[PDB]
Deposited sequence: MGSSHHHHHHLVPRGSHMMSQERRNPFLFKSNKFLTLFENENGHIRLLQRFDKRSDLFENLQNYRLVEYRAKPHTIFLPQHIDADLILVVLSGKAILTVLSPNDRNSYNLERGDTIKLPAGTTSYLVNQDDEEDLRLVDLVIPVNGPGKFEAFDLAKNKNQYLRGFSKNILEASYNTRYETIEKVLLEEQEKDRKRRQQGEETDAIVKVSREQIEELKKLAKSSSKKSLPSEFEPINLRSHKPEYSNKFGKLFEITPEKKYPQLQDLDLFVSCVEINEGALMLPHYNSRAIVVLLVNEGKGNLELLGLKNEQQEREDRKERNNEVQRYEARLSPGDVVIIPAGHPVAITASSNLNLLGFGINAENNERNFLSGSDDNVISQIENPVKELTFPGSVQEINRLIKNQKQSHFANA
């Protein structure tokens, strides 16, 4: 099953008392096949309460998605600063080469992020430059003679004041309090699909979401209730990177052997990733409340074609005389069978 990236394919870049940063394997490492996803990666970020992710710049456009917790993200330009209050379901673009830091101002609740990483330098090449003091503070890379001229300060002072502590450090109540375009929330609009059985929330390329147009990207939240099914469908255009945010379930992804059809099975678990390539029929069942985050690559004009249920059911659209010829049953047996599923998009499993 090449479409399944289990949670352990997340390489820990950094772990301590206060949080962890994990990067998912290059999609195009294990097999070719995702040569079109070669310039995307996922990062999981988790931080304990009253913590700060210290000044760093990454050589990638990032789309942040907050799964849990509350953050102040501060983004620096050369001559300017902007900070954004981040909530559950908030997404924002953290552009390439922006020095930024990330406060978890909540008192009890962990901050959990997933980032879509779009590198700028080499397809999928994740590069991070640490301004603050680590083993890897980049300012230390400059020779003494460059620093001394650069800062017009004696090296010894540059060393004592700027140069010589982990990457996510505790911040105190006084520092939090003293710290004091916009995020688009997946849920501050009516869900696209909503049902006793599930809901799908989606922000897609439209004027209104100019950044999603430019990156040609959708961010979906899919909820499947215990014992429900996301009814079979394919995306017309989009390649969906599905991260399992919470819950367990199972997934039937139909592709080819890679003209024969192969069903590709995956147990689903927190932190697991599945690629659903465009046009690949997929069915999803939750054994507990399942919360999926989807990044839809090549999103413009994407279109969920369901193969059962009343809405968004492309089979319904087949003219009757062609229905007669495409399936073994009569028009009346086919139209009746298709009416037996009263639900749309989601349903009992």
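If you line the structure up with the deposited chain, the stretches without a C-alpha atom are 1-24, 189-202, 219-232, 311-322.
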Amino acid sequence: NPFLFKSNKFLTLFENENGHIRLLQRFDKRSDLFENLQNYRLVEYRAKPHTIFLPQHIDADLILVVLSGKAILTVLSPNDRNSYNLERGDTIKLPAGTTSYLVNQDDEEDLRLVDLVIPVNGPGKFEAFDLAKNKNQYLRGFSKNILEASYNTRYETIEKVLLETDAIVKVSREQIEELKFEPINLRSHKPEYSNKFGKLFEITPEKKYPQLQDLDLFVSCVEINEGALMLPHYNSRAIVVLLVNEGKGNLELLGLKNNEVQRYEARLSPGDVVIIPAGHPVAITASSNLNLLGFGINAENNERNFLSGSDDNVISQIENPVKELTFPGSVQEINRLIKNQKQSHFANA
From here on, numbers count along this sequence of modelled residues.
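With 73-81 and 228-236 compared on mean CA B-factor from the PDB entry, the stretch scoring higher is 73-81. When the two stretches 296-304 and 317-325 are set side by side, the higher mean Cα temperature factor goes to 317-325. When the Cα B-factors of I276, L102, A128, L179 are read from the PDB record, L179 comes out highest. The residue among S150, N136, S143, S220 whose C-alpha carries the highest B-factor in the deposited model is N136. Per-chain ranking of the deposited C-alpha B factor places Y155 in the middle third. When the modelled residues of the chain are ordered by C-alpha B-factor, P183 sits in the highest third. Ranked within its chain, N121 lands in the lowest third, by CA B factor from the PDB record. Per-chain ranking of the deposited C-alpha B factor places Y264 in the lowest third. Remark: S194 belongs to the highest third of its chain, ranked by C-alpha B-factor as recorded.
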